[PDB]
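Reproduced below: query15.pdb, with PDB, C-alpha atoms.
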```
ATOM      1  CA  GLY A   1      83.170  -5.219  34.690  1.00  0.00           C
ATOM      2  CA  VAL A   2      84.894  -6.673  37.763  1.00  0.00           C
ATOM      3  CA  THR A   3      83.594 -10.136  38.661  1.00  0.00           C
ATOM      4  CA  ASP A   4      85.880 -11.535  41.376  1.00  0.00           C
ATOM      5  CA  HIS A   5      84.235 -11.288  44.786  1.00  0.00           C
ATOM      6  CA  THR A   6      87.326 -10.114  46.683  1.00  0.00           C
ATOM      7  CA  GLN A   7      88.038  -7.346  44.165  1.00  0.00           C
ATOM      8  CA  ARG A   8      84.402  -6.219  44.246  1.00  0.00           C
ATOM      9  CA  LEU A   9      84.453  -6.160  48.052  1.00  0.00           C
ATOM     10  CA  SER A  10      87.653  -4.087  48.058  1.00  0.00           C
ATOM     11  CA  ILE A  11      86.148  -1.672  45.519  1.00  0.00           C
ATOM     12  CA  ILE A  12      82.994  -1.366  47.634  1.00  0.00           C
ATOM     13  CA  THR A  13      85.060  -0.729  50.766  1.00  0.00           C
ATOM     14  CA  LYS A  14      87.070   2.038  49.085  1.00  0.00           C
ATOM     15  CA  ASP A  15      84.022   3.655  47.496  1.00  0.00           C
ATOM     16  CA  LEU A  16      82.136   3.555  50.803  1.00  0.00           C
ATOM     17  CA  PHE A  17      84.615   5.920  52.449  1.00  0.00           C
ATOM     18  CA  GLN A  18      85.000   7.972  49.270  1.00  0.00           C
ATOM     19  CA  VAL A  19      81.256   8.471  48.737  1.00  0.00           C
ATOM     20  CA  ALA A  20      80.647   9.101  52.443  1.00  0.00           C
ATOM     21  CA  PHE A  21      83.227  11.892  52.402  1.00  0.00           C
ATOM     22  CA  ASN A  22      81.928  13.298  49.109  1.00  0.00           C
ATOM     23  CA  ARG A  23      78.332  13.406  50.359  1.00  0.00           C
ATOM     24  CA  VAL A  24      79.094  14.776  53.825  1.00  0.00           C
ATOM     25  CA  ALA A  25      81.954  17.232  53.246  1.00  0.00           C
ATOM     26  CA  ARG A  26      79.869  18.946  50.564  1.00  0.00           C
ATOM     27  CA  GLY A  27      77.634  19.921  53.490  1.00  0.00           C
ATOM     28  CA  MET A  28      80.385  20.968  55.920  1.00  0.00           C
ATOM     29  CA  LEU A  29      82.543  24.058  56.184  1.00  0.00           C
ATOM     30  CA  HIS A  30      85.932  23.782  54.498  1.00  0.00           C
ATOM     31  CA  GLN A  31      87.625  23.856  57.912  1.00  0.00           C
ATOM     32  CA  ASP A  32      85.729  20.715  58.992  1.00  0.00           C
ATOM     33  CA  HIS A  33      86.626  18.562  55.969  1.00  0.00           C
ATOM     34  CA  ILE A  34      89.962  17.604  57.521  1.00  0.00           C
ATOM     35  CA  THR A  35      88.323  16.489  60.778  1.00  0.00           C
ATOM     36  CA  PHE A  36      85.896  14.153  59.008  1.00  0.00           C
ATOM     37  CA  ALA A  37      88.640  12.823  56.731  1.00  0.00           C
ATOM     38  CA  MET A  38      90.797  12.182  59.806  1.00  0.00           C
ATOM     39  CA  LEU A  39      87.946  10.272  61.452  1.00  0.00           C
ATOM     40  CA  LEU A  40      87.361   8.229  58.286  1.00  0.00           C
ATOM     41  CA  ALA A  41      91.078   7.438  58.053  1.00  0.00           C
ATOM     42  CA  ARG A  42      91.037   6.305  61.682  1.00  0.00           C
ATOM     43  CA  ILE A  43      88.022   4.083  60.942  1.00  0.00           C
ATOM     44  CA  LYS A  44      89.820   2.490  57.990  1.00  0.00           C
ATOM     45  CA  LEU A  45      92.954   2.028  60.108  1.00  0.00           C
ATOM     46  CA  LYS A  46      90.827   0.261  62.718  1.00  0.00           C
ATOM     47  CA  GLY A  47      89.294  -1.955  60.039  1.00  0.00           C
ATOM     48  CA  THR A  48      92.460  -2.750  58.097  1.00  0.00           C
ATOM     49  CA  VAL A  49      94.503  -5.939  58.502  1.00  0.00           C
ATOM     50  CA  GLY A  50      98.227  -5.887  59.220  1.00  0.00           C
ATOM     51  CA  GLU A  51      98.486  -2.577  61.082  1.00  0.00           C
ATOM     52  CA  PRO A  52      98.865  -1.987  64.837  1.00  0.00           C
ATOM     53  CA  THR A  53      96.096  -0.374  66.846  1.00  0.00           C
ATOM     54  CA  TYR A  54      98.190   2.768  67.501  1.00  0.00           C
ATOM     55  CA  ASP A  55      95.858   3.479  70.421  1.00  0.00           C
ATOM     56  CA  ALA A  56      98.667   4.973  72.513  1.00  0.00           C
ATOM     57  CA  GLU A  57      99.958   7.187  69.698  1.00  0.00           C
ATOM     58  CA  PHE A  58      96.498   8.515  68.789  1.00  0.00           C
ATOM     59  CA  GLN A  59      95.640   8.845  72.484  1.00  0.00           C
ATOM     60  CA  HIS A  60      98.690  11.069  72.908  1.00  0.00           C
ATOM     61  CA  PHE A  61      97.895  12.969  69.700  1.00  0.00           C
ATOM     62  CA  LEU A  62      94.502  13.816  71.196  1.00  0.00           C
ATOM     63  CA  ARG A  63      95.312  14.525  74.865  1.00  0.00           C
ATOM     64  CA  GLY A  64      99.054  15.115  75.213  1.00  0.00           C
ATOM     65  CA  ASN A  65      98.291  18.377  76.994  1.00  0.00           C
ATOM     66  CA  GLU A  66      96.965  16.184  79.825  1.00  0.00           C
ATOM     67  CA  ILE A  67     100.509  14.875  80.361  1.00  0.00           C
ATOM     68  CA  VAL A  68     101.586  16.936  83.360  1.00  0.00           C
ATOM     69  CA  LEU A  69     105.104  18.368  83.578  1.00  0.00           C
ATOM     70  CA  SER A  70     106.233  20.140  86.736  1.00  0.00           C
ATOM     71  CA  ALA A  71     107.429  23.734  86.513  1.00  0.00           C
ATOM     72  CA  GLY A  72     111.185  23.509  86.018  1.00  0.00           C
ATOM     73  CA  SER A  73     111.107  19.777  85.276  1.00  0.00           C
ATOM     74  CA  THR A  74     111.239  20.546  81.550  1.00  0.00           C
ATOM     75  CA  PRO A  75     114.881  21.021  80.477  1.00  0.00           C
ATOM     76  CA  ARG A  76     116.001  23.752  78.097  1.00  0.00           C
ATOM     77  CA  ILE A  77     117.060  22.501  74.654  1.00  0.00           C
ATOM     78  CA  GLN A  78     119.328  24.558  72.414  1.00  0.00           C
ATOM     79  CA  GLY A  79     117.483  25.958  69.410  1.00  0.00           C
ATOM     80  CA  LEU A  80     114.038  25.064  70.793  1.00  0.00           C
ATOM     81  CA  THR A  81     111.382  27.425  72.120  1.00  0.00           C
ATOM     82  CA  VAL A  82     110.044  26.880  75.646  1.00  0.00           C
ATOM     83  CA  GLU A  83     106.663  25.595  74.455  1.00  0.00           C
ATOM     84  CA  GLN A  84     108.436  23.422  71.887  1.00  0.00           C
ATOM     85  CA  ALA A  85     110.591  21.877  74.626  1.00  0.00           C
ATOM     86  CA  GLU A  86     107.487  21.387  76.780  1.00  0.00           C
ATOM     87  CA  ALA A  87     105.853  19.491  73.910  1.00  0.00           C
ATOM     88  CA  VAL A  88     109.065  17.501  73.374  1.00  0.00           C
ATOM     89  CA  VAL A  89     109.169  16.342  76.990  1.00  0.00           C
ATOM     90  CA  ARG A  90     105.450  15.517  76.839  1.00  0.00           C
ATOM     91  CA  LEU A  91     106.057  13.457  73.687  1.00  0.00           C
ATOM     92  CA  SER A  92     109.027  11.694  75.304  1.00  0.00           C
ATOM     93  CA  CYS A  93     106.616   9.842  77.613  1.00  0.00           C
ATOM     94  CA  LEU A  94     105.838   7.543  74.687  1.00  0.00           C
ATOM     95  CA  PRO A  95     108.272   4.593  74.485  1.00  0.00           C
ATOM     96  CA  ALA A  96     109.026   5.345  70.824  1.00  0.00           C
ATOM     97  CA  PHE A  97     110.247   8.870  71.671  1.00  0.00           C
ATOM     98  CA  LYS A  98     112.204   8.050  74.839  1.00  0.00           C
ATOM     99  CA  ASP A  99     115.497   9.228  73.283  1.00  0.00           C
ATOM    100  CA  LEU A 100     113.884  12.199  71.530  1.00  0.00           C
TER     101      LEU A 100
END
```

Rewrite the structure from the file as structure tokens, please.
Amino acid sequence: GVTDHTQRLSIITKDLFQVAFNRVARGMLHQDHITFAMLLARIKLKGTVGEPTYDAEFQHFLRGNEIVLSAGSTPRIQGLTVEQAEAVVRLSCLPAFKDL
């Protein structure tokens, strides 16, 4: 029914990710559906127009444990558990969360 080339291309692009997930996740364990959907979302975010790369934010999301904090360097925050405060100080290395 749709004839315009741009609309058809957009429909194809959406259905590519949708059908890829439908075909693959039917063959994965339910715990691994979210991983593949996350990867597909990251692929679409890479391919989309008008959105930043978010390479630093995703890089942190993956390996923020690599951010080293010295023993005692992490301050104690009221109402926050020690591991929570550790994660907070690790997240504060990003410029967006400097005043976290």

Who sits within 7 Å of residue A:17, only C-alpha atoms, same chain under 4 positions skipped, as a PyMOL selection string: chain A and resi 13+21+40

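The interatomic distance for the pair atom CA of residue A:60 and atom CA of residue A:29 works out to 26.6 Å.
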
Between atom CA of residue A:78 and atom CA of residue A:62 - distance in Å to one decimal: 27.1 Å

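Reported to one decimal place, the separation of atom CA of residue A:56 from atom CA of residue A:94 is 7.9 Å.
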
Could you list, as a PyMOL selection string, every residue within 12 Å of residue A:93, counting only C-alpha atoms and ignoring same-chain residues fewer than 4 positions away? chain A and resi 56-57+60+64-69+86-89+97-100

Given the PyMOL selection byres ((chain A and resi 37) around 12), the residues it picks as a PyMOL selection string: chain A and resi 17-22+24-25+28+30-36+38-44

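Distance annotation: of A:63, A:3, A:76, A:10, the residue with the minimal separation from residue A:90 is A:63; atom set is all atoms listed in the file.
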